[PDB]
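Here the structure comes first, spelled out in structure tokens, and everything after it is commentary.
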Amino acid sequence: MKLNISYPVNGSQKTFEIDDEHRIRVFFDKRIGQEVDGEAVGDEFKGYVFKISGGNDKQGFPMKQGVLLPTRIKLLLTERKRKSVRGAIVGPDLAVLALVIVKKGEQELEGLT
RNA sequence: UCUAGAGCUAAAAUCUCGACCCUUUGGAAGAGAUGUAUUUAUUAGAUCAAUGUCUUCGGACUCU
């Protein structure tokens, strides 16, 4: 999946296509708000600290903050209707995984920092 | 007309009382007294004048 990475200290943001399953496996069953080191994910991510922020799945249904259940469910959403809601928890059926940098480590990213 | 995360833009015045002073347009010291809505309970929401009448011509009487 893709990592929509933003760096708000400079304000810039950039997506990275990640196809290797060893890289994505660190993010599995992790939740929005949790602190994630991508140094296991990648050697260029050495010392980085990431927080999961949001994203979508392969059908557009977003992860909503702290609902539960990493499958998809249907909720009474805001004069209130019902739509389908993909859960808060990262699974392999995510098309993307948007996150945010918390602590910076050693190496640099040209289009990001 | 689906969505994600990021950085921005106390004082008041009026009411009554008036010590008084002053004769004219009269004028005043100080003595006090007063929230709006809402809610329940409590509170308020016999007489006088004569023209009647009597009289002793001074006045008395409210029976009509």
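Ordering of the structure tokens sets the chain letters (A, B, ...), residue numbers begin anew at 1 in every chain, and ligands are numbered from 1 in the order given.
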
### Query
Given a cut-off of 10 Å, which residues of chain A touch chain B, counting only C-alpha atoms (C1' of nucleotides), written out as a PyMOL selection string?
chain A and resi 4-13+52-57+60-64+83+96-100

Convert the current residue selection to file output with N, CA and C atoms, as a tab-separated table (two decimals), in the first residue's frame.
chain	number	residue	atom	x	y	z
A	4	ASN	N	0.95	7.84	2.74
A	4	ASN	CA	0.78	9.28	2.58
A	4	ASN	C	1.43	9.94	3.79
A	5	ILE	N	2.67	10.33	3.63
A	5	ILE	CA	3.45	10.87	4.73
A	5	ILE	C	3.41	12.39	4.66
A	6	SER	N	3.10	13.03	5.78
A	6	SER	CA	3.17	14.47	5.91
A	6	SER	C	4.17	14.84	6.99
A	7	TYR	N	4.83	15.99	6.80
A	7	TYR	CA	5.79	16.53	7.76
A	7	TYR	C	5.38	17.96	8.08
A	8	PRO	N	4.56	18.15	9.12
A	8	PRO	CA	3.96	19.47	9.35
A	8	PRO	C	4.93	20.52	9.87
A	9	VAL	N	6.11	20.13	10.34
A	9	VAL	CA	7.10	21.11	10.80
A	9	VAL	C	7.59	21.94	9.62
A	10	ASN	N	7.72	21.31	8.45
A	10	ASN	CA	7.88	22.07	7.22
A	10	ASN	C	6.57	22.25	6.47
A	11	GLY	N	5.56	21.44	6.79
A	11	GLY	CA	4.27	21.53	6.13
A	11	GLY	C	4.14	20.72	4.86
A	12	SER	N	5.23	20.15	4.36
A	12	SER	CA	5.17	19.40	3.12
A	12	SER	C	4.65	17.99	3.36
A	13	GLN	N	4.25	17.34	2.27
A	13	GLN	CA	3.63	16.02	2.33
A	13	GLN	C	3.91	15.28	1.04
A	52	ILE	N	0.20	7.08	13.18
A	52	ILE	CA	-0.83	6.81	12.18
A	52	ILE	C	-1.93	7.85	12.31
A	53	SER	N	-2.36	8.40	11.17
A	53	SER	CA	-3.29	9.52	11.16
A	53	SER	C	-4.61	9.23	10.46
A	54	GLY	N	-4.60	8.51	9.35
A	54	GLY	CA	-5.84	8.23	8.65
A	54	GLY	C	-5.58	7.50	7.36
A	55	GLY	N	-6.52	7.63	6.44
A	55	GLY	CA	-6.39	7.02	5.13
A	55	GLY	C	-7.72	6.43	4.69
A	56	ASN	N	-7.63	5.56	3.69
A	56	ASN	CA	-8.80	4.88	3.15
A	56	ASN	C	-8.44	3.43	2.88
A	57	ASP	N	-9.46	2.65	2.52
A	57	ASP	CA	-9.27	1.29	2.05
A	57	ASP	C	-9.39	1.25	0.53
A	60	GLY	N	-12.63	3.16	-0.70
A	60	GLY	CA	-12.86	4.54	-0.34
A	60	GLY	C	-13.32	4.76	1.08
A	61	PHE	N	-13.78	3.72	1.76
A	61	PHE	CA	-14.33	3.87	3.10
A	61	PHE	C	-13.20	4.14	4.10
A	62	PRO	N	-13.21	5.28	4.78
A	62	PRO	CA	-12.05	5.66	5.59
A	62	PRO	C	-12.02	4.97	6.93
A	63	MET	N	-10.83	4.95	7.53
A	63	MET	CA	-10.70	4.60	8.93
A	63	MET	C	-11.17	5.77	9.77
A	64	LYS	N	-12.14	5.51	10.65
A	64	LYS	CA	-12.65	6.51	11.57
A	64	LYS	C	-11.98	6.31	12.92
A	83	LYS	N	-24.23	5.19	6.55
A	83	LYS	CA	-23.27	4.78	5.54
A	83	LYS	C	-22.38	3.69	6.10
A	96	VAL	N	-4.34	2.66	1.18
A	96	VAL	CA	-3.32	3.59	1.66
A	96	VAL	C	-3.23	3.52	3.17
A	97	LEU	N	-2.22	4.22	3.69
A	97	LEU	CA	-2.04	4.38	5.13
A	97	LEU	C	-1.39	5.75	5.33
A	98	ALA	N	-2.22	6.76	5.58
A	98	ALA	CA	-1.74	8.11	5.79
A	98	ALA	C	-1.27	8.27	7.22
A	99	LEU	N	-0.07	8.81	7.40
A	99	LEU	CA	0.55	8.96	8.70
A	99	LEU	C	1.25	10.31	8.82
A	100	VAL	N	1.86	10.55	9.98
A	100	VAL	CA	2.49	11.82	10.30
A	100	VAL	C	3.76	11.58	11.10

### Message
DSSP on the backbone, alpha helix (DSSP H) only: what residues of chain A does that give? Format it as a PyMOL selection string.
### Response
chain A and resi 21-24

### Task
Grab the CA of residue 113 in chain A to CA of residue 18 in chain A distance for me, in Å with one decimal place.
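Going from CA of residue 113 in chain A over to CA of residue 18 in chain A covers 18.8 Å.
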
### Query
Which residue, A:72, A:58, A:103, A:23, has the smallest gap to residue 84 in chain A when you use only C-alpha atoms?
A:72

### Task
Can you check which residues of chain A DSSP gives as strand (DSSP E or B) on the backbone and send them as a PyMOL selection string?
chain A and resi 2-7+12-17+31+35-36+49-54+56+62-63+72-77+81-86+89+96+98-103
